[PDB]
């Protein structure tokens, strides 16, 4: 994603899509139900995690993530789900651009994280910033309650990172932001 010409002999990404967005992945009500469950697990002191079968909304997240990945069997085959994390962000918080996987070359972990499906459970207020930043792809995503972002982290074949999906949550300027992260590992 450079205006100036640069030759590119890098590996391709599934269907040429580094990220995909789905509105209404969860309903507003489902988001609030899950936020409240996470608060009761000690979210606010900021992150907490769920077991499979602990919560119905979490179970829906994994269910629908699998259904999405069923449509990508030409790109991925065997994979494993991590437990779902719920995390909160508020103004004046430290942030940093990173990859969700191991930045490896010849020694890639067999259980590399291959992708991430994140769900915005609560969005910042008006003029609240807190965008998801993909600086290398030169795009941000405005949080929206109920919306999911799926993005690739590593090549299922080589397990090397897609450096294109370097990302951060930018500072929240007003209100708060809560997300659920579903990480997807190779087997």
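Residue numbers count along the first chain shown, from 1.
### Task
Taking the mean of the C-alpha B-factors per stretch from the entry, tell me the winner out of 155-163 and 30-38.
The recorded data point to 155-163.
### Between the two ranges 5-13 and 167-175, the one averaging a larger CA B factor in the entry
Result of the comparison: 5-13.
### Query
At the C-alpha atoms, which of 138, 64, 45, 145 reaches the highest B-factor in this entry?
Spelled out: the listed residue with the top C-alpha B-factor is 45.
### Query
Taking the Cα B-factors listed in the entry, which of 74, 97, 88, 113 comes out highest?
74 has the highest C-alpha B-factor of those listed.
### Query
Which third of the chain does residue 130 land in by C-alpha B-factor: lowest, middle or highest?
It belongs to the lowest third of the chain when residues are ordered by C-alpha B-factor.
### Message
Could you place residue 187 in the lowest, middle or highest third of its chain by Cα temperature factor, using the values in the record?
### Response
As the PDB entry reports it, the C-alpha B-factor of residue 187 lands in the highest third of its chain.
### Task
Determine, from the deposited record, the chain-internal third of the Cα B-factor for residue 150: lowest, middle or highest.
Tercile = lowest for this residue's CA B-factor.
### Task
Using the B-factors in the PDB entry, rank residue 82's C-alpha atom against the chain and give the third, lowest, middle or highest.
Tercile = middle for this residue's CA B-factor.
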